[PDB]
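This report concerns only the one structure given below.
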Amino acid sequence: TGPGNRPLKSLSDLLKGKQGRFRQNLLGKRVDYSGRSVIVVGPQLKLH
Amino acid sequence: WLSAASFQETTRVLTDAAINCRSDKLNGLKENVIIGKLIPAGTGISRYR
Amino acid sequence: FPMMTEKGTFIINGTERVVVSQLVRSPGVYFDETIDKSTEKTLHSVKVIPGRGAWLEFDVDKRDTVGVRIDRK
Amino acid sequence: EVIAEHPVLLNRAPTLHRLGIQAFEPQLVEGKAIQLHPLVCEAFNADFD
Amino acid sequence: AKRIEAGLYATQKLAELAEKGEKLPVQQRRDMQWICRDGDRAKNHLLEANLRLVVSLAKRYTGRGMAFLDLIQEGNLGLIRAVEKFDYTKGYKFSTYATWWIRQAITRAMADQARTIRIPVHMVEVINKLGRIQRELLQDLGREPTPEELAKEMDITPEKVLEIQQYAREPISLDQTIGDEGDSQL
Amino acid sequence: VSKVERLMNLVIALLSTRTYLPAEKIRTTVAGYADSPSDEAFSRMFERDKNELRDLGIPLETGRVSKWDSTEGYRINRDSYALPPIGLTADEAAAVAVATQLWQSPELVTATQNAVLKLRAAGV
Amino acid sequence: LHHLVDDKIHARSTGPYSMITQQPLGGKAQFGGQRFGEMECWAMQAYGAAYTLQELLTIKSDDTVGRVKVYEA
DNA sequence: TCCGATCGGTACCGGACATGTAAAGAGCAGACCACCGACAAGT
DNA sequence: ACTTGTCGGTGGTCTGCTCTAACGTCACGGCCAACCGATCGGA
């Protein structure tokens with residue numbers, strides 16, 4: 001453990017878990033040209 | 001071994017693969033997603049590419 | 001020593017903060033009963049839970065032998 | 001001029017099936033909220049709350 | 001101690017007579033080898049018998065960066081040095097010279113091998129002195145002492161104190177959790 | 001190159017710097033100091049150049065790089081370099097006309113000529 | 001209620017990236033990108049859109065040369 | 001056959017951040033730097 | 001005559017190594033506390 005009684009992070013801890021290398025950084029990433037916002041209803045729009 | 005390690009029990013899978021000296025052939029959805037190749041389904045198959 | 005204001009908040013580093021009361025289990029003796037699915041018999045146990053101390057547990061098993069587990073041994 | 005006939009993909013988490021990601025043709029609106037068609041909510045499992 | 005000194009002298013004399021010397025008698029060579037081996041065994045026995053004071057000395061330095069076993073090993077090195085420098089003619093017991101050397105070795109090692117960014121010992125001493133003076137000033141004044149008071153009570157410029165305080169920062173970890181759950185890191 | 005070029009380049013560089021430039025950077029940056037055989041010839045030459053500049057009158061200050069830096073460099077205070085403002089013009093004409101008439105001592109005439117040249121460089 | 005669109009709307013084309021893995025940051029306060037998680041990858045695989053998924057994974061997140069080449073193109 | 005014990009796993013987005021102590025002190029030496037002498041040979 | 005490179009010196013700060021003689025001798029600060037299924041090493 002280090003300061004605050006927090007166990008140190010080894011290589012296996014890098015490679016394992018949901019927060020590990022594989023699941024967090026290889027099967028899913030953050031991408032450019034992307035946005036996010038609240039949705040409201042537009043009834044005058046077409047299906048496309 | 002790449003898909004098995006990405007799925008669950010990374011340490012055991014890596015140990016067994018290292019001891020067995022396995023060689024991944026890189027033909028599947030998960031491996032091609034990981035390495036950056038087109039998945040072998042949909043528009044990524046040889047007939048359509 | 002930090003002092004609480006007249007409204008129940010602490011000014012720490014210029015920011016008002018609130019200490020939230022915590023619901024915990026009071027120390028004491030607690031008796032529990034379970035039913036085994038391998039023999040269909042009732043088994044009782046008691047746990048002494050102190051504050052800042054070792055744990056003392058007594059239990060009754062299938063063989064009707066009362067057993068104490070000092071600490072977690 | 002630039003957004004005409006340029007589809008964009010809309011996604012709502014969690015993505016439970018394919019219809020959680022759908023392509024739409026964008027139109028500029030004056031607000032700050034995305035206007036969604038009322039008939040694609042069931043596919044997205046989305047409500048306006 | 002006498003056995004150690006006799007063994008060392010016998011080894012040196014045997015080495016001197018080996019090169020540019022003379023054919024030693026067989027019994028003389030056997031006796032020299034026996035004395036050397038006895039001296040080595042006596043040194044090992046003294047070391048092993050005194051490998052309990054080291055733990056007592058290192059018990060007091062626990063929780064200051066280094067681990068307990070590392071402190072014990074550095075104390076063992078200090079004990080080896082103390083055995084090498086112990087003189088029996090003065091009549092003092094081994095527990096004083098050994099204590100001095102063990103404490104010196106532990107303190108020096110903890111000065112070196114305890115920081116990710118290494119600071120020389122001559123500056124670690126200054127940092128510790130500044131901290132002690134700050135504690136004394138805090139006790140005396142009743143309030144937190146300003147750099148002015150430390151400058152007067154440490155006979156240094158009121159600017160070097162800022163550099164000393166800025167050299168004492170320890171780097172934080174990039175792997176520490178940010179949120180309440182375990183999904184965020186610094 | 002030329003000694004005069006080295007001196008002029010050093011003066012300009014030490015005038016335009018913002019922090020205390022160390023001698024190691026002076027060797028690589030200032031032209032004319034990079035042709036020395038070894039580090040001792042450069043050191044002695046730079047010491048002599050500093051002595052000459054300080055004796056001339058140009059303010060050459062030596063001080064720390066910065067608070068948290070133990071390196072020691074050199075600068076030239078642009079504010080102490082000279083005094084811009086000048087007085088009237090009619091009195092200066094009389095002063096120049098009487099600057100030197102019959103003095104023969106080389107130090108006196110050189111000093112008067114230097115003062116006249118500086119006055120001309122600061123207006124008439 | 002304290003849920004206003006002014007605090008929710010966010011968009012990005014190119015911004016800061018991470019250090020170990022050269023992927024975009026996250027959060028409105030850091031001009032970060034939107035996560036394309038594993039479920040979205042499953043949806044893309046089920047659709048059969050190989051090229052969209054490939055470009056999303058490679059040239060929008062990690063391909064260091066690819067990002068600048070795409071912007072120039 | 002029963003038996004404790006270790007080891008694996010437990011949905012998604014949005015956001016949110018940085019620690020709290022030291023028992024000291026001295027004598028001796030090499031290195032680099034800022035200031036200087038000579039000094040003959042080269043300019 | 002002026003410059004310049006090799007030689008030699010004084011003084012100062014940062015860094016590292018060595019030494020100090022009453023007697024001293026076998027660590028702590030602290031949970032763990034879900035709850036499931038699978039499986040190897042015991043009994």
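A short reminder: the numbers here are calculations on the coordinates, not readings from a lab. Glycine gets a Cβ as well: all are built from the backbone with ideal geometry, and neighbour counts include every protein chain shown.
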Problem - Enumeration of residues in segment D:33-48 that are part of a loop (DSSP other than H, G, I, E, B) and either surrounded by 14 or more Cβ atoms within 10 Å (Cβ to Cβ) or among the acidic types (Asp, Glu) (or both) - result: D:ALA33, D:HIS37, D:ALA46, D:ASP47
Fill in the blank from the handout: Subset of segment F:18-40, residues in a helix (DSSP H, G or I) and either away from DNA strand H (no atom under 14 Å from the Cβ) or within 14 Å of chain E (Cβ to nearest Cβ) (or both), comes to F:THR29
Problem - From the options F:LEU53, F:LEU60, residue that is within 15 Å of DNA strand I (Cβ to nearest atom) and surrounded by 12 or more Cβ atoms within 10 Å (Cβ to Cβ) - result: F:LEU53
Practice task
Pick out, from chain B, the helices (runs of 4 or more DSSP H) lying fully within it that include 1 or more residues that are more than 22 Å from G:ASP63 (Cβ to Cβ).
Solution key: B:2-7, B:10-20
Fill in the blank from the handout: If we keep only residues of segment B:21-35 that are of a type outside the set (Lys, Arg) and exposed (fewer than 15 other Cβ atoms within 10 Å of the Cβ), then the residue nearest to the other protein chains (Cβ to nearest Cβ) is B:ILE35
Handout entry: Output for segment E:29-78, where each listed residue is in a loop (DSSP other than H, G, I, E, B) and within 23 Å of E:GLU5 (Cα to Cα)
Key = E:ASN50, E:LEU51
Fill in the blank from the handout: Counting only residues that are within 9 Å of DNA strand H (Cβ to nearest atom), surrounded by fewer than 16 Cβ atoms within 10 Å (Cβ to Cβ) and not polar (S, T, N, Q), segment E:87-115 contains a total of 2
Exercise for the section: Hand me the list of helices (runs of 4 or more DSSP H) wholly inside segment G:4-73 holding 3 or more residues that are surrounded by 14 or more Cβ atoms within 10 Å (Cβ to Cβ) and either facing chain B (nearest Cβ under 10 Å) or more than 12 Å from the chain's Cα centre (by Cα) (or both). Expected result: G:38-47, G:50-57
Handout entry: Residues being in a strand (DSSP E or B) and either away from DNA strand I (no atom under 15 Å from the Cβ) or touching a helix residue (DSSP H, G or I) at 6+ places or on another chain (Cβ under 7 Å) (or both) - total across segment C:44-73
Key = 6
Practice task
Spot the failing condition for C:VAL18; the list is (1) within 10 Å of DNA strand I (Cβ to nearest atom); (2) within 30 Å of C:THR5 (Cβ to Cβ); (3) among the β-branched types (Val, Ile, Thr), and only one is missed.
Solution key: (1)
Exercise for the section: Output yes when any residue across segment F:2-17 is touching a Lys or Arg at 6+ places or on another chain (Cβ under 9 Å), farther than 26 Å from F:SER66 by Cβ and within 13 Å of DNA strand H (Cβ to nearest atom), and no when none is. Expected result: no
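With more than 14 Å from DNA strand H (Cβ to nearest atom) and under 30 Å from E:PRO120 (Cβ atoms) as the only criterion, which of E:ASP38, E:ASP70 stands out?
Numbers: E:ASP38 fails: under 30 Å from E:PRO120 (Cβ atoms).
Within the list E:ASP38, E:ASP70, the selection yields E:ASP70.
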Fill in the blank from the handout: Scanning segment D:20-47 residue by residue, the ones that are in contact (Cβ under 8 Å) with a residue 24 or more places away in the chain and under 8 Å from the mean Cα position of the chain (by Cα) total 2
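Out of curiosity, is E:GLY63 more than 25 Å from A:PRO3 (Cα to Cα) and exposed (fewer than 11 other Cβ atoms within 10 Å of the Cβ)? Even if it seems obvious, please write down each step before you answer.
Working: more than 25 Å from A:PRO3 (Cα to Cα): no; exposed (fewer than 11 other Cβ atoms within 10 Å of the Cβ): yes.
No, not satisfied.
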